[PDB]
Amino acid sequence: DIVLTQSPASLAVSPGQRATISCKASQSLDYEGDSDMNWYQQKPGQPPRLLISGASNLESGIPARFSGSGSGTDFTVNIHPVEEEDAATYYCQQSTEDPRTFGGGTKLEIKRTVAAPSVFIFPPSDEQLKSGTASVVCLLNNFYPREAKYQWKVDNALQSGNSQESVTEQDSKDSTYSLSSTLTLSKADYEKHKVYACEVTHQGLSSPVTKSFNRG
Amino acid sequence: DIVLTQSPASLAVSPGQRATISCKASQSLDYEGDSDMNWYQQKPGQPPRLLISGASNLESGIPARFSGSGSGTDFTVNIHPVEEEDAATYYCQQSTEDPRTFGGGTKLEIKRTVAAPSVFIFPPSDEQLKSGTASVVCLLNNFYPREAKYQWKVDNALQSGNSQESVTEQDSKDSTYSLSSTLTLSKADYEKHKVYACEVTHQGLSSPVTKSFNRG
Amino acid sequence: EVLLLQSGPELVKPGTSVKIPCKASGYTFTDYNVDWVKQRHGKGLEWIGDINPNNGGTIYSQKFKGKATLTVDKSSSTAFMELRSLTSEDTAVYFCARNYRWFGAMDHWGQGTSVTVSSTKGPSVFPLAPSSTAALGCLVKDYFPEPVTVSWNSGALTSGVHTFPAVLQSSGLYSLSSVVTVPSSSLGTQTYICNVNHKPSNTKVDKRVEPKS
Amino acid sequence: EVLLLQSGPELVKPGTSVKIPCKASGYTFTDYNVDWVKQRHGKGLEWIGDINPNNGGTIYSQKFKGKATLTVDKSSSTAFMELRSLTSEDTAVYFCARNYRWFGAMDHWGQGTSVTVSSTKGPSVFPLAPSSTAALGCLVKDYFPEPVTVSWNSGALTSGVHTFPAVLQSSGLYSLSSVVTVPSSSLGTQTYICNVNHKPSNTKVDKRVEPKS
C-alpha cells in the first residue's frame, strides 16, 4: 500500500500561467531504470485521460504544454502554458507495487480572465480650439469584464451630462472591450480650468487610475 | 376644415375587456342617408389598416370584436373583446367635406395580464398522522407574474427551513404558474399548535391573503 | 479506433449483484490487461483490479477481494465486473480501462457505468380534502426513484389538474402533490379518486378524496 | 392580391424635390382614387390629397397646395407624389392608399416611404496626439449620415486600431473616434495618418497625428 500524496490539493491559475502539481510517494517508485508513475486528467463528467506514463513519457495527442519529471519519491507534472481547456482534477498513480494506487487528486480551477484597461487621456487639437469647441477624450483600452466605473474630474470637480461614450464590440479572441468618453465644452469653458483628468475603476486595477493633463 | 376630436387620447385595457373610442365632429357627417366616418388601426411601424368605413360597415378580414356606431357628430368604435394583438393607435377620419381630415388618434395600450393566485390550505390526512408525520400544503393556483412571496405562520410564528416548494411550468395558454409548499412536522410538533396558516402576497391581490385552519 | 464501451446507469437493490460489461474494439484486446476503477460522487479514483484476457488471471485490491469478480469473454472481446452483497457504500461510477502494462498505465478508459444501490419505494398517498370553486388533491410522498404519474378519476378528469414537479427531501426520497380545482357543488355528488402509477415498483394506488366530517 | 408598393427610405437635401412612386396591383387601378397621407415620427395622420387615375384630376389639402404634386402613369399602373422646396418640416413617412370612394375610405395602404430632409455633412477630423506603448487616434466629429469608415496609414496599419461605434449628439450630427496603440519608440520615426472615408459626401480626409511641441 504505497501512499501517493498530491500537493497542492487545489490550485487556481490563469490561462498563460505555468502550473506544476506534485506527487510525493511513501517509498521509491524506481525499478529497473524507470519509475512507474502515471498522471490522469479528469474533466468534469468525463472519464480520466492519461497524460504522462513513466514520469516523463507524454501520451499521444497530449499537448507539449504538459510535461513529465523525476524519480524516487518526487514526481511533477507541469502545464506550460495553462489553457482554459485545462480545468480538471489531476490524479497521480503508481504501478510499482500491487495494489495500483492513485493520489488524492488536485483540483485545477481556471481563474476568470481579468484585463485592466489601458487608460489614455487626449487634449483637444489646436485645429479644434480655432473652430470654437473643445473635446477631451478618455480611452479605456482592452478591459475585461465589461463593468467599469470611470469619471471626468476637471480641477477636482465631477462633471456630468457634458460627456457621451461609445464601447467596442467584445473582441473575438481575448473577449476585451474598449470605451471612449468624449467630454465636450466651449473654447471658453476650456480656457477656464487647468488640470483636465479622468479617474478609472475596474477589478483589474489595484487602486483607481487617474490620467490627467495641465495647460487647459 | 371639419375637426374630429377623439376621446379618450390614451386608454390602457386588459385582453377580455370591452373598450370603446369616440370621435366628436365639429359639424354633422350625415349626407344622403349615410355618415362618411372611417376608423383606422395603426400598429407600431406598420401602415394604417381600415376597420370601419361609414360608421358601421366592417372591412373584410376585420374581426367582429370591432363594431361601428352612429351618426351626426357622435361616432364610436367598440372592441368586444380586446385581444393582445389590438395594441395600436386608432384614428377616426371624415370624407363628408374636403379636406379629408383625421382625428388626433387614440393610443391603445394592452395592460400586462395579472392573475392573482387562488390560495388553498390543506391539513394532514388522518391516515398520515397515524403513520407519525404531519404535512400541511399551501396551493397558490394560476398566478401571473411568477414573483410571489408567501409564508407559513403557525399560531402567528414565521416557520423556516421546515417547508419545500415545487412550481408548475408556466401554462401554454394563460401563462399562469402554480406553486405548492409542503410544511412538514412531527405528529408531536403538530398536536402542539392550533391555527396552521399561510400568508400570500402577489401584485394580483389588493392586500395579502391568509388561508388558515384550526383543530391542529 | 480504440473504444471501450460500458452499460448505462444501473439502479440496483441492496443485497443483489450487478454484472458490468466493457466491449473492447479497435485493438487486439487479448494482448492488453483491463483494469477496473471505482469513483464516488466528487471523490477520487480507487483501483479495484485487473484481468489479463489471455489466461483470465486476476489481481484484486484487498478492499475488494470478495466484493468484485473480474471476468472476460475472449470470443466476444468484452470484460466484466460482478459486484455482490451490494450496500450504499458501492454507489459509484465504475470504469474499465486498457492497461499499457509497461508502466501499468490505464491508457484508454470506458465512459463509466454509474451504479446506484438503494431500495425502490412506491409512494404513500394522502388526500388533500377541501373545506369551504374548491381545490382538492393527493400528496404522493416518500417514493424512489422518479418517475410517478398521477391521473384523476381513472383519467376521466383532466381540467383543473396540476400534477407538480417532484421534490427530493433530506430522506433521499421524492414527494410531489397533484391538485385539481372543481365546482364546490359537485363535492356532494361526484367522487374524486386520484390514481398514482410508479412503474419502478409496479405500483398503482387509488385514493378517494372526501371532505372532513 | 391588392398591393400598393412605394420606394424605400429617402435622404434628401433642403431645397430639392423627391418624386415618390406607388406601384398598384391586384385590382383595376384606373377605377379607384389614390390618396396621399403624411405622418411625422410618433405624431398623427395628415391628408395631402387624392388623384383620380382616369382623368388625373387632383384635390389637395390647403396646407399642401404648392408643396405637393400628385401625378400618375395609367400605362405603368403607378401613382406619384412630388414634394418641392424641401424643409425639415417635410421629414415624415409618406403613404399612398386606395380610396373606397363610396365612403372616401383609404382601404389598402402602401408600406410608406420615410423621407428625411437634412444636409449630408463630411466630418471635421481632429488628431489625438500621445504624450508619455502609447495610444493615438483621430476624433471624427459632426457627420451626417452614417456611415464613416476609418483606415490608418492608408490601411497599412491595422493592429491596435479601435474604430468605435458612432454617437449621435444633440446637434443631430454623429461623432466617432478611431484610436490605435503603437510602440512609444516608433513615435520618433513612423508617421501616423488616419484616413476618413464618408461615401455620403464623397469625402476622404487624411490627418497626420504628431506629438504636441
# chains A, B, ... in the order shown; residues from 1 in each chain; ligands from 1
call {"tool": "interface_residues", "arguments": {"of": "chain D", "to": "chain A", "cutoff": "7 Å", "atoms": "only C-alpha atoms", "output": "list in words"}}
result
residues 126, 127, 128, 129, 135, 164, 165 and 167 of chain D
call {"tool": "write_last_selection", "arguments": {"atoms": "N, CA and C atoms", "output": "PDB file, in the first residue's frame"}}
result
ATOM      1  N   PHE D 126     -10.056  65.831 -36.080  1.00  0.00           N
ATOM      2  CA  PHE D 126      -9.041  66.372 -35.150  1.00  0.00           C
ATOM      3  C   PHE D 126      -8.206  65.203 -34.659  1.00  0.00           C
ATOM      4  N   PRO D 127      -6.878  65.380 -34.473  1.00  0.00           N
ATOM      5  CA  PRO D 127      -5.990  64.297 -34.063  1.00  0.00           C
ATOM      6  C   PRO D 127      -5.938  64.133 -32.543  1.00  0.00           C
ATOM      7  N   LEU D 128      -5.678  62.913 -32.096  1.00  0.00           N
ATOM      8  CA  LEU D 128      -5.462  62.587 -30.670  1.00  0.00           C
ATOM      9  C   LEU D 128      -4.003  62.197 -30.519  1.00  0.00           C
ATOM     10  N   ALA D 129      -3.161  63.199 -30.271  1.00  0.00           N
ATOM     11  CA  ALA D 129      -1.698  63.038 -30.154  1.00  0.00           C
ATOM     12  C   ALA D 129      -1.380  62.433 -28.789  1.00  0.00           C
ATOM     13  N   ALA D 135      -0.947  55.287 -27.108  1.00  0.00           N
ATOM     14  CA  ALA D 135      -2.175  55.275 -27.930  1.00  0.00           C
ATOM     15  C   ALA D 135      -2.319  56.635 -28.604  1.00  0.00           C
ATOM     16  N   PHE D 164     -14.363  53.051 -33.017  1.00  0.00           N
ATOM     17  CA  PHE D 164     -15.526  52.917 -32.096  1.00  0.00           C
ATOM     18  C   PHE D 164     -16.850  53.094 -32.839  1.00  0.00           C
ATOM     19  N   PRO D 165     -17.978  52.549 -32.326  1.00  0.00           N
ATOM     20  CA  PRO D 165     -19.299  52.880 -32.861  1.00  0.00           C
ATOM     21  C   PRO D 165     -19.630  54.370 -32.755  1.00  0.00           C
ATOM     22  N   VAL D 167     -21.768  57.937 -32.306  1.00  0.00           N
ATOM     23  CA  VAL D 167     -22.564  58.514 -31.188  1.00  0.00           C
ATOM     24  C   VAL D 167     -23.279  59.756 -31.713  1.00  0.00           C
TER      25      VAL D 167
END
call {"tool": "closest_atom_pairs", "arguments": {"of": "range 74-142 of chain B", "to": "range 34-43 of chain D", "cutoff": "10 Å", "atoms": "only C-alpha atoms", "output": "Markdown table"}}
result
| residue | atom | partner | partner_atom | distance |
| --- | --- | --- | --- | --- |
| B:100 | CA | D:35 | CA | 9.7 |
| B:104 | CA | D:43 | CA | 8.6 |
| B:105 | CA | D:43 | CA | 8.8 |
call {"tool": "residues_around", "arguments": {"residues": "range 64-72 of chain C", "least_positions_apart": "2", "cutoff": "7 Å", "atoms": "only C-alpha atoms", "output": "PDB file with N, CA and C atoms, in the first residue's frame"}}
result
ATOM      1  N   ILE C  48      -9.669  -1.197  -8.375  1.00  0.00           N
ATOM      2  CA  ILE C  48     -10.322  -2.470  -7.963  1.00  0.00           C
ATOM      3  C   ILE C  48      -9.394  -3.643  -8.319  1.00  0.00           C
ATOM      4  N   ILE C  51      -7.529  -7.828 -15.031  1.00  0.00           N
ATOM      5  CA  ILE C  51      -7.628  -9.214 -15.553  1.00  0.00           C
ATOM      6  C   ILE C  51      -6.843  -9.244 -16.863  1.00  0.00           C
ATOM      7  N   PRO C  53      -6.793 -10.792 -20.263  1.00  0.00           N
ATOM      8  CA  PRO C  53      -7.782 -11.502 -21.074  1.00  0.00           C
ATOM      9  C   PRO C  53      -7.287 -12.843 -21.636  1.00  0.00           C
ATOM     10  N   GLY C  56      -7.148 -15.115 -18.258  1.00  0.00           N
ATOM     11  CA  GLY C  56      -8.216 -14.726 -17.315  1.00  0.00           C
ATOM     12  C   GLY C  56      -7.677 -14.518 -15.910  1.00  0.00           C
ATOM     13  N   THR C  58      -6.259 -12.713 -12.638  1.00  0.00           N
ATOM     14  CA  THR C  58      -6.834 -11.514 -11.995  1.00  0.00           C
ATOM     15  C   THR C  58      -5.991 -11.146 -10.778  1.00  0.00           C
ATOM     16  N   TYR C  60      -6.547  -8.405  -7.554  1.00  0.00           N
ATOM     17  CA  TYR C  60      -7.574  -7.587  -6.861  1.00  0.00           C
ATOM     18  C   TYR C  60      -6.872  -6.722  -5.810  1.00  0.00           C
ATOM     19  N   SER C  61      -7.356  -5.503  -5.578  1.00  0.00           N
ATOM     20  CA  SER C  61      -7.045  -4.730  -4.345  1.00  0.00           C
ATOM     21  C   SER C  61      -7.665  -5.474  -3.161  1.00  0.00           C
ATOM     22  N   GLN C  62      -6.987  -5.491  -2.014  1.00  0.00           N
ATOM     23  CA  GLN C  62      -7.502  -6.120  -0.766  1.00  0.00           C
ATOM     24  C   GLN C  62      -8.943  -5.666  -0.508  1.00  0.00           C
ATOM     25  N   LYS C  74     -13.253 -13.813 -24.350  1.00  0.00           N
ATOM     26  CA  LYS C  74     -12.287 -13.662 -25.473  1.00  0.00           C
ATOM     27  C   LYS C  74     -13.083 -13.640 -26.787  1.00  0.00           C
ATOM     28  N   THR C  78     -14.917  -8.734 -24.688  1.00  0.00           N
ATOM     29  CA  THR C  78     -15.672  -7.989 -23.648  1.00  0.00           C
ATOM     30  C   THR C  78     -15.213  -8.408 -22.247  1.00  0.00           C
ATOM     31  N   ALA C  79     -14.858  -7.437 -21.394  1.00  0.00           N
ATOM     32  CA  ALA C  79     -14.511  -7.643 -19.966  1.00  0.00           C
ATOM     33  C   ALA C  79     -15.785  -7.523 -19.135  1.00  0.00           C
ATOM     34  N   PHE C  80     -15.719  -7.925 -17.869  1.00  0.00           N
ATOM     35  CA  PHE C  80     -16.886  -7.968 -16.957  1.00  0.00           C
ATOM     36  C   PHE C  80     -16.435  -7.772 -15.515  1.00  0.00           C
ATOM     37  N   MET C  81     -17.259  -7.089 -14.732  1.00  0.00           N
ATOM     38  CA  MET C  81     -17.031  -6.951 -13.278  1.00  0.00           C
ATOM     39  C   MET C  81     -18.336  -7.205 -12.522  1.00  0.00           C
ATOM     40  N   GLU C  82     -18.357  -8.206 -11.636  1.00  0.00           N
ATOM     41  CA  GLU C  82     -19.566  -8.588 -10.855  1.00  0.00           C
ATOM     42  C   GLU C  82     -19.376  -8.169  -9.381  1.00  0.00           C
ATOM     43  N   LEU C  83     -20.123  -7.150  -8.953  1.00  0.00           N
ATOM     44  CA  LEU C  83     -20.156  -6.685  -7.541  1.00  0.00           C
ATOM     45  C   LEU C  83     -21.312  -7.357  -6.803  1.00  0.00           C
ATOM     46  N   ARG C  84     -21.055  -7.926  -5.621  1.00  0.00           N
ATOM     47  CA  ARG C  84     -22.039  -8.705  -4.825  1.00  0.00           C
ATOM     48  C   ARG C  84     -22.342  -7.990  -3.507  1.00  0.00           C
TER      49      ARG C  84
END
call {"tool": "select_by_dssp", "arguments": {"residues": "range 68-179 of chain B", "states": "strand (DSSP E or B)", "output": "JSON, numbers by chain"}}
result
{"B": [74, 75, 76, 77, 78, 79, 88, 89, 90, 91, 92, 93, 94, 101, 102, 106, 107, 108, 109, 110, 115, 118, 119, 120, 121, 122, 133, 134, 135, 136, 137, 138, 139, 140, 141, 142, 143, 144, 149, 150, 151, 152, 153, 154, 158, 163, 164, 165, 166, 167, 177, 178, 179]}
call {"tool": "write_last_selection", "arguments": {"atoms": "N, CA and C atoms", "output": "short mmCIF file (atom, residue, chain, number, x, y, z; two decimals), in the first residue's frame"}}
result
data_model
loop_
_atom_site.label_atom_id
_atom_site.label_comp_id
_atom_site.auth_asym_id
_atom_site.auth_seq_id
_atom_site.Cartn_x
_atom_site.Cartn_y
_atom_site.Cartn_z
N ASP B 74 -71.61 62.20 -33.39
CA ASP B 74 -71.20 61.23 -32.35
C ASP B 74 -70.97 59.88 -33.02
N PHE B 75 -69.71 59.42 -33.03
CA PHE B 75 -69.26 58.11 -33.60
C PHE B 75 -68.47 57.34 -32.54
N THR B 76 -68.50 56.01 -32.60
CA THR B 76 -67.91 55.11 -31.57
C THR B 76 -67.50 53.78 -32.19
N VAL B 77 -66.21 53.47 -32.16
CA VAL B 77 -65.68 52.11 -32.46
C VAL B 77 -65.55 51.37 -31.13
N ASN B 78 -65.97 50.10 -31.12
CA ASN B 78 -66.02 49.24 -29.92
C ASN B 78 -65.21 47.99 -30.19
N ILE B 79 -64.38 47.61 -29.23
CA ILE B 79 -63.61 46.34 -29.29
C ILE B 79 -64.20 45.47 -28.19
N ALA B 88 -52.46 49.44 -30.53
CA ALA B 88 -52.29 50.28 -31.74
C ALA B 88 -52.88 51.65 -31.48
N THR B 89 -52.63 52.59 -32.39
CA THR B 89 -53.27 53.92 -32.34
C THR B 89 -54.47 53.90 -33.27
N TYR B 90 -55.63 54.24 -32.74
CA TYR B 90 -56.88 54.21 -33.52
C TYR B 90 -57.16 55.63 -33.96
N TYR B 91 -57.36 55.80 -35.26
CA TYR B 91 -57.61 57.11 -35.90
C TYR B 91 -59.00 57.09 -36.49
N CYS B 92 -59.72 58.20 -36.32
CA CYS B 92 -61.06 58.44 -36.88
C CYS B 92 -60.82 59.39 -38.05
N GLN B 93 -61.64 59.36 -39.09
CA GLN B 93 -61.42 60.16 -40.33
C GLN B 93 -62.75 60.42 -41.02
N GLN B 94 -62.97 61.64 -41.54
CA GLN B 94 -64.20 62.00 -42.29
C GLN B 94 -63.87 62.19 -43.78
N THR B 101 -60.16 64.79 -43.29
CA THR B 101 -59.45 65.09 -42.04
C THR B 101 -59.47 63.84 -41.19
N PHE B 102 -58.45 63.71 -40.36
CA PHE B 102 -58.27 62.63 -39.37
C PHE B 102 -58.43 63.22 -37.98
N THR B 106 -56.05 57.74 -30.98
CA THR B 106 -56.17 57.24 -29.59
C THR B 106 -55.19 56.09 -29.37
N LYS B 107 -54.27 56.27 -28.42
CA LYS B 107 -53.22 55.25 -28.15
C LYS B 107 -53.86 54.19 -27.27
N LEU B 108 -53.92 52.95 -27.76
CA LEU B 108 -54.49 51.81 -27.00
C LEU B 108 -53.34 50.92 -26.53
N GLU B 109 -53.11 50.92 -25.21
CA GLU B 109 -52.05 50.14 -24.53
C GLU B 109 -52.72 48.91 -23.93
N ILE B 110 -52.27 47.72 -24.34
CA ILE B 110 -52.68 46.43 -23.73
C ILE B 110 -51.96 46.30 -22.38
N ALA B 115 -52.65 37.74 -12.95
CA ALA B 115 -53.51 36.67 -12.41
C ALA B 115 -53.18 36.48 -10.93
N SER B 118 -55.24 31.75 -6.73
CA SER B 118 -56.24 31.04 -5.90
C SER B 118 -55.47 30.31 -4.80
N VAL B 119 -55.61 30.76 -3.56
CA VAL B 119 -54.87 30.16 -2.41
C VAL B 119 -55.76 29.16 -1.68
N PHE B 120 -55.23 27.96 -1.45
CA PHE B 120 -55.93 26.84 -0.76
C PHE B 120 -54.99 26.22 0.28
N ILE B 121 -55.45 26.06 1.52
CA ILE B 121 -54.66 25.34 2.58
C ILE B 121 -55.25 23.94 2.73
N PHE B 122 -54.42 22.97 3.10
CA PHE B 122 -54.83 21.56 3.28
C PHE B 122 -54.19 20.97 4.54
N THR B 133 -46.04 11.30 10.82
CA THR B 133 -45.52 12.56 10.23
C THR B 133 -46.69 13.42 9.74
N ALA B 134 -46.58 14.74 9.90
CA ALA B 134 -47.61 15.75 9.53
C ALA B 134 -47.09 16.55 8.33
N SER B 135 -47.93 16.74 7.31
CA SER B 135 -47.59 17.51 6.09
C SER B 135 -48.74 18.42 5.67
N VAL B 136 -48.60 19.71 5.97
CA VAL B 136 -49.55 20.79 5.59
C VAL B 136 -49.13 21.31 4.21
N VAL B 137 -50.10 21.59 3.34
CA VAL B 137 -49.86 22.01 1.93
C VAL B 137 -50.64 23.29 1.65
N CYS B 138 -49.92 24.28 1.13
CA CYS B 138 -50.45 25.59 0.68
C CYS B 138 -50.30 25.66 -0.84
N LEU B 139 -51.44 25.75 -1.53
CA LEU B 139 -51.50 25.85 -3.00
C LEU B 139 -51.73 27.31 -3.41
N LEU B 140 -50.79 27.89 -4.16
CA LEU B 140 -51.01 29.14 -4.92
C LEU B 140 -51.36 28.74 -6.35
N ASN B 141 -52.61 28.94 -6.77
CA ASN B 141 -53.08 28.39 -8.07
C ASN B 141 -53.24 29.49 -9.11
N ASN B 142 -52.71 29.26 -10.31
CA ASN B 142 -52.87 30.12 -11.51
C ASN B 142 -52.50 31.58 -11.20
N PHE B 143 -51.23 31.85 -10.89
CA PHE B 143 -50.77 33.23 -10.62
C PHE B 143 -49.84 33.71 -11.73
N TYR B 144 -49.87 35.02 -11.99
CA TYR B 144 -49.02 35.68 -13.01
C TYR B 144 -48.87 37.15 -12.65
N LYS B 149 -44.44 36.24 -2.97
CA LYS B 149 -43.90 36.00 -1.61
C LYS B 149 -45.04 35.48 -0.72
N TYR B 150 -44.97 34.20 -0.36
CA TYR B 150 -45.88 33.52 0.61
C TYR B 150 -45.06 33.15 1.85
N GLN B 151 -45.71 32.81 2.96
CA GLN B 151 -45.02 32.42 4.22
C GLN B 151 -45.97 31.62 5.13
N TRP B 152 -45.46 30.49 5.64
CA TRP B 152 -46.10 29.66 6.69
C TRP B 152 -45.98 30.39 8.03
N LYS B 153 -47.10 30.56 8.73
CA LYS B 153 -47.14 31.24 10.05
C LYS B 153 -48.03 30.40 10.97
N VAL B 154 -47.42 29.64 11.89
CA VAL B 154 -48.15 28.73 12.82
C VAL B 154 -48.37 29.45 14.15
N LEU B 158 -43.53 32.82 12.29
CA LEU B 158 -42.86 32.57 10.98
C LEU B 158 -42.01 31.31 11.09
N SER B 163 -40.14 23.62 5.28
CA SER B 163 -41.05 23.60 4.11
C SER B 163 -40.21 23.60 2.83
N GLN B 164 -40.53 22.70 1.90
CA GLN B 164 -40.03 22.70 0.50
C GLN B 164 -41.18 23.17 -0.40
N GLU B 165 -40.89 23.51 -1.66
CA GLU B 165 -41.88 24.05 -2.63
C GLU B 165 -41.51 23.61 -4.05
N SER B 166 -42.53 23.27 -4.83
CA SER B 166 -42.46 22.95 -6.28
C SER B 166 -43.28 24.01 -7.00
N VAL B 167 -43.03 24.20 -8.30
CA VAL B 167 -43.71 25.21 -9.16
C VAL B 167 -44.01 24.57 -10.52
N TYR B 177 -48.76 30.30 -13.53
CA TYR B 177 -47.97 29.33 -12.74
C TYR B 177 -48.83 28.84 -11.58
N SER B 178 -48.45 27.72 -11.00
CA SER B 178 -48.98 27.28 -9.69
C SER B 178 -47.82 26.83 -8.81
N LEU B 179 -47.95 27.09 -7.52
CA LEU B 179 -46.92 26.75 -6.52
C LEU B 179 -47.57 25.90 -5.42
#
call {"tool": "select_by_dssp", "arguments": {"residues": "range 36-213 of chain C", "states": "helix (DSSP H, G or I)", "output": "PyMOL selection string"}}
result
chain C and resi 62-64+88-90+153-155+186-188+199-201
call {"tool": "residues_around", "arguments": {"residues": "residue 209 in chain C", "least_positions_apart": "5", "cutoff": "8 Å", "atoms": "only C-alpha atoms", "output": "CSV table (one decimal) with N, CA, C and O atoms, in the first residue's frame"}}
result
chain,number,residue,atom,x,y,z
C,127,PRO,N,-54.7,12.2,1.0
C,127,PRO,CA,-55.6,13.0,0.3
C,127,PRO,C,-55.5,14.5,0.8
C,127,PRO,O,-55.3,14.7,2.0
C,128,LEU,N,-55.8,15.4,-0.1
C,128,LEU,CA,-56.0,16.9,0.3
C,128,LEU,C,-57.4,17.2,0.1
C,128,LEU,O,-57.8,17.6,-1.0
C,129,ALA,N,-58.2,17.0,1.2
C,129,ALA,CA,-59.7,17.3,1.2
C,129,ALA,C,-59.9,18.8,1.2
C,129,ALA,O,-59.2,19.5,1.9
C,136,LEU,N,-58.9,20.3,-4.5
C,136,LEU,CA,-58.6,19.1,-3.8
C,136,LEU,C,-57.4,18.4,-4.5
C,136,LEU,O,-57.1,18.8,-5.7
C,137,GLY,N,-56.8,17.4,-3.9
C,137,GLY,CA,-55.6,16.8,-4.4
C,137,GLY,C,-55.3,15.6,-3.5
C,137,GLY,O,-56.0,15.3,-2.6
C,138,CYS,N,-54.2,14.9,-3.9
C,138,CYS,CA,-53.5,13.9,-3.1
C,138,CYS,C,-52.0,14.3,-3.1
C,138,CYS,O,-51.5,14.8,-4.1
C,191,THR,N,-67.5,11.7,-7.1
C,191,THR,CA,-66.4,11.0,-6.3
C,191,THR,C,-65.1,11.4,-7.0
C,191,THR,O,-65.0,11.4,-8.2
C,192,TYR,N,-64.1,11.7,-6.2
C,192,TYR,CA,-62.7,12.1,-6.7
C,192,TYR,C,-61.7,11.1,-6.2
C,192,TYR,O,-61.3,11.1,-5.0
C,193,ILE,N,-61.2,10.3,-7.1
C,193,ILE,CA,-60.2,9.2,-6.8
C,193,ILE,C,-59.0,9.6,-7.7
C,193,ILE,O,-59.1,9.5,-8.9
C,194,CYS,N,-57.9,9.9,-7.1
C,194,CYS,CA,-56.6,10.1,-7.8
C,194,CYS,C,-55.8,8.8,-7.9
C,194,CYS,O,-55.8,8.0,-6.9
call {"tool": "decode", "arguments": {"residues": "range 168-211 of chain D", "atoms": "C-alpha atoms", "output": "short mmCIF file (atom, residue, chain, number, x, y, z; two decimals), in the first residue's frame"}}
result
data_model
loop_
_atom_site.label_atom_id
_atom_site.label_comp_id
_atom_site.auth_asym_id
_atom_site.auth_seq_id
_atom_site.Cartn_x
_atom_site.Cartn_y
_atom_site.Cartn_z
CA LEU D 168 -25.47 60.89 -32.07
CA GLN D 169 -25.03 64.31 -30.33
CA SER D 170 -27.80 66.90 -29.51
CA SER D 171 -26.78 68.73 -32.77
CA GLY D 172 -28.30 65.71 -34.64
CA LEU D 173 -24.78 65.00 -36.03
CA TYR D 174 -22.75 61.79 -35.46
CA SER D 175 -19.19 61.59 -33.99
CA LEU D 176 -16.86 58.56 -33.57
CA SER D 177 -13.18 58.25 -32.56
CA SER D 178 -10.63 55.81 -34.09
CA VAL D 179 -7.66 55.01 -31.78
CA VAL D 180 -4.55 52.81 -32.19
CA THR D 181 -1.90 51.65 -29.63
CA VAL D 182 1.71 51.63 -31.03
CA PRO D 183 5.30 51.25 -29.66
CA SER D 184 6.36 54.58 -27.99
CA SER D 185 9.80 54.26 -29.80
CA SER D 186 8.24 54.44 -33.36
CA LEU D 187 6.75 57.91 -32.42
CA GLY D 188 10.14 59.48 -33.43
CA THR D 189 10.15 57.79 -36.91
CA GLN D 190 6.87 56.19 -38.21
CA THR D 191 4.27 58.78 -39.45
CA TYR D 192 0.62 58.14 -38.38
CA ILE D 193 -2.04 59.36 -40.89
CA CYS D 194 -5.67 58.25 -40.28
CA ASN D 195 -7.84 58.19 -43.42
CA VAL D 196 -11.58 59.03 -43.09
CA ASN D 197 -13.98 57.84 -45.84
CA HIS D 198 -17.63 59.14 -45.90
CA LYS D 199 -19.26 57.81 -49.16
CA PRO D 200 -22.35 60.01 -48.39
CA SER D 201 -20.36 63.28 -49.09
CA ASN D 202 -17.75 61.65 -51.43
CA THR D 203 -15.30 62.78 -48.69
CA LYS D 204 -11.83 61.25 -47.93
CA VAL D 205 -9.89 63.14 -45.17
CA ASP D 206 -6.26 62.26 -44.21
CA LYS D 207 -4.80 63.62 -40.87
CA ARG D 208 -1.18 63.12 -39.62
CA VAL D 209 -1.05 62.68 -35.78
CA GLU D 210 2.20 64.14 -34.29
CA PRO D 211 3.13 64.63 -30.58
#
